[PDB]
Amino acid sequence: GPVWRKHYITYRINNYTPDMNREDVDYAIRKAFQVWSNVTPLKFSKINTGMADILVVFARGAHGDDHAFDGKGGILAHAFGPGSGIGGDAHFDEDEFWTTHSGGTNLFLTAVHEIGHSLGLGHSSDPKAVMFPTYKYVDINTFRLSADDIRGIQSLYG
């Protein structure tokens, strides 16, 4: 698959989940981008106007792309690999209950996984990997990418 042919990447939060405080949503997303920028040459910037590379969206059901969300449970989010338009964008299922910790589905951890896809990673067979298919909560205070994750992203971006 493709990679981003540039190191300065922008994101915009299209809309905010009513589940969380807006500042917590901003924080979770910013910290998620930071995870990946720490291990790559990529720099992520939040923009408030115009078209961003990565649009962050909360939506439910069929929401205008090829893939409808499915209510509470099952699919938590999806994202599109590098490219123009919908490429890079990360969509979070509003039928989930997004939380700062483990009360519902953790937005930070979900966002790390989705951003990985936005940057061109597929899934990992390592259960320790953030790119493993199955969501599970981990202590976010001790959160780190696996060796499988770091190798994955550095093979794409150095």
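Residue positions are given as counts along the sequence shown, with the first one as 1. Between two forms, the rigid core is defined as the largest C-alpha subset superposing within 1.5 Å.
Colleague: Given a rigid core fit, name the stretch, 97 to 105 or 25 to 33, whose C-alphas are on average farther from the form shown here in 6 other deposited structures of this protein.
Modeller: If we average over structures and residues in 6 other deposited structures of this protein, the farther stretch is 97 to 105.
Colleague: Take the C-alpha B-factors listed in the entry for 81 to 89 and for 68 to 76, compute each mean, and give the stretch with the larger one.
Modeller: It is 81 to 89 that shows the higher mean C-alpha B-factor.
Colleague: Pick between 90 to 98 and 37 to 45: the one whose mean CA B-factor in the entry is higher.
Modeller: In the deposited entry, the stretch with the higher C-alpha B-factor mean is 37 to 45.
Colleague: Per the entry's Cα B factor values, which of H123, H113, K31, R60 stands out as the maximum?
Modeller: Largest recorded C-alpha B-factor: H123.
Colleague: Pick out which of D19, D139, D148, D24 has the highest C-alpha B-factor in the PDB entry.
Modeller: Highest C-alpha B-factor among the listed residues goes to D148.
Colleague: Tell me, lowest, middle or highest third: where does the Cα B factor of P133 rank within its chain?
Modeller: For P133, the deposited C-alpha B-factor lands in the middle third.
Colleague: Rank-wise, by C-alpha B-factor, drop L55 into the lowest, middle or highest third of its chain.
Modeller: Its C-alpha B-factor, which the entry lists for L55, ranks in the lowest third among residues of this chain.
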